[PDB]
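Everything below concerns the one structure shown next.
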Amino acid sequence: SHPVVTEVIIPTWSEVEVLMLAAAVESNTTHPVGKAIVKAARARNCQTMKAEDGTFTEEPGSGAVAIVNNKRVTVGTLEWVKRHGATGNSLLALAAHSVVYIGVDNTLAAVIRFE
Ligand SMILES: [N+]
């Protein structure tokens, strides 16, 4: 019903950094999963990372991407983040079992689980 971030799994970026990078991509989304990332990532005490103007790109049902502080940050299916250059990690998927995957440049950075 109401998606909430429950777990951030990391295989370098911390759990909170992954949330903040993904939220920068997802900042203006109306999609409930993206809004859940944004909510979880709010940090009133931090200099908010922002996507570069005009770089947000999305293919509905597959994922989104933007440049955040000079990094290509992807948020979406495993196929989406691999297509954008991340190398796979079978353990990350197994550790996770909705879910989204996070790529940062050529790195598969994280998986986020929602309940
Ligand atoms: N970061």
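Each value in this text was obtained by applying a stated rule to the coordinates, not by laboratory testing. Note that we place each Cβ from the backbone using ideal geometry, even for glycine, and neighbour counts take in every protein chain shown.
The set of residues in the stretch 1-13 that are within 16 Å of the ligand (Cβ to nearest atom) and polar (S, T, N, Q) contains only 12. Within the stretch 39-92, being part of a helix (DSSP H, G or I), within 14 Å of residue 25 (Cα to Cα) and among the charged types (D, E, K, R) holds for one residue alone: 39. Scan the stretch 14-47 for residues that are within 12 Å of the ligand (Cβ to nearest atom) and more than 12 Å from the chain's Cα centre (by Cα) and the total you get is 4.
Just one of the numbered conditions (1) out of contact with any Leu (no Cβ under 8 Å at 6 or more places or on another chain); (2) within 23 Å of residue 88 (Cα to Cα) is not true of residue 31: (2). Taking every residue in the stretch 39-63 that is closer than 13 Å to residue 17 by Cα and pairing it with any residue that is away from the ligand (no atom under 16 Å from the Cβ) and among the aliphatic types (A, V, I, L, M), at least 6 positions away or on another chain, the pairs with Cβ-Cβ distances below 8 Å are 40/4; 40/5. For the stretch 1-37, a tally of residues being farther than 18 Å from residue 72 by Cα and part of a helix (DSSP H, G or I) returns 4.
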